[PDB]
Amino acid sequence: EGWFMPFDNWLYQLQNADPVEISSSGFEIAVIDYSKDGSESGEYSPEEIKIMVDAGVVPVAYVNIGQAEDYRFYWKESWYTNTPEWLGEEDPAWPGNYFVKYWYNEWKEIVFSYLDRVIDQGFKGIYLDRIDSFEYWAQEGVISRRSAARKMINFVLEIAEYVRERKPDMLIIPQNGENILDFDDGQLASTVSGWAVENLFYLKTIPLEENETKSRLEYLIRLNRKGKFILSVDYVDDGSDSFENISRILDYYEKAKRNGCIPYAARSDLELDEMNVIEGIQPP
């Protein structure tokens, strides 16, 4: 069910991204972190980002809007002792990431200050992680599911207003949480430029139940039909030249393209640490 696909490929790399390497790789759109090491001192310069723009690559900045990350410029040492009401527990699965009450003004103003830097660096899109934080707080019983969903929708809308006031063409791509559209009045679906998803056909190496995949696709197809691109990333490539492995990459690409999803086969380590070239396939 796969028609609106304005990019031939995409790159997801959050560590060790190299503008020169990317600029001459043949990837069309690259989602990287806004810093070489995530930290303030590693922030890409306007010039380093312009290398990619100059080669016709569309560079997009990852921004985690559902969790505080303890190595970022915004993190404060005082938060360990005098903990803000909106800073919650550490993510068992991602040490150094903390769930936040993303509806509190102070968290929003941190995220706006991060967007401020991303705009000035010359990024052409933002890729917004932990939309699914709405599910986390609902599971914790801290607020209602509807409350959380609304709050996250409104926040992404406020993020769209902030960045488009400065850069009207800025792309806006949330990651995961696409089921949040159940609570959208349609303004979020129209405001995004596209939507990115992890673990659609495969959870790492392991193929998913077809029903689970179809529920997710129900949301993505609707967006596609409205002129919104869908970036897929499955962590299917185990690094080997095995037969199993390459057949799996090819199965993933075929399932992706047949349903309108632009695929990126990433390493099953989850590190997103290199530009993952796969001879004859990625880029294609």
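The numbering used is simple: start at 1 and walk along the sequence shown.
Asks: Quick one: say whether 186-194 or 100-108 has the higher mean Cα B-factor in the deposited entry.
Replies: Here the higher of the two C-alpha B-factor means belongs to 186-194.
Asks: With respect to the recorded C-alpha B factors, which stretch has the higher mean value, 199-207 or 71-79?
Replies: Higher of the two, by average CA B-factor, is 199-207.
Asks: Which has the highest CA B-factor per the PDB entry: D251, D237, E28, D33?
Replies: Answer for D251, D237, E28, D33: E28, with the highest C-alpha B-factor.
Asks: Based on the PDB record, which member of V63, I230, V60, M52 exhibits the highest Cα temperature factor?
Replies: Highest C-alpha B-factor among the listed residues goes to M52.
Asks: Once the chain's modelled residues are ordered by C-alpha B factor and cut into thirds, is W94 in the lowest, middle or highest one?
Replies: Answer is highest: the recorded C-alpha B-factor places it there.
Asks: Taking the C-alpha B-factors as the PDB entry records them, is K124 in the lowest, middle or highest third of its chain?
Replies: Middle third, going by the recorded CA B-factors of the chain.
Asks: Consider only the C-alpha atoms of the modelled residues in this chain, order them by B-factor as the entry records it, and name the third containing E178: lowest, middle or highest.
Replies: Middle third.
Asks: Looking at the C-alpha B-factor of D169, is it in the lowest, middle or highest third of its chain?
Replies: Highest third.
Asks: Quick one: classify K214 as lowest, middle or highest third of the chain based on its Cα B-factor.
Replies: Top third by C-alpha B-factor.
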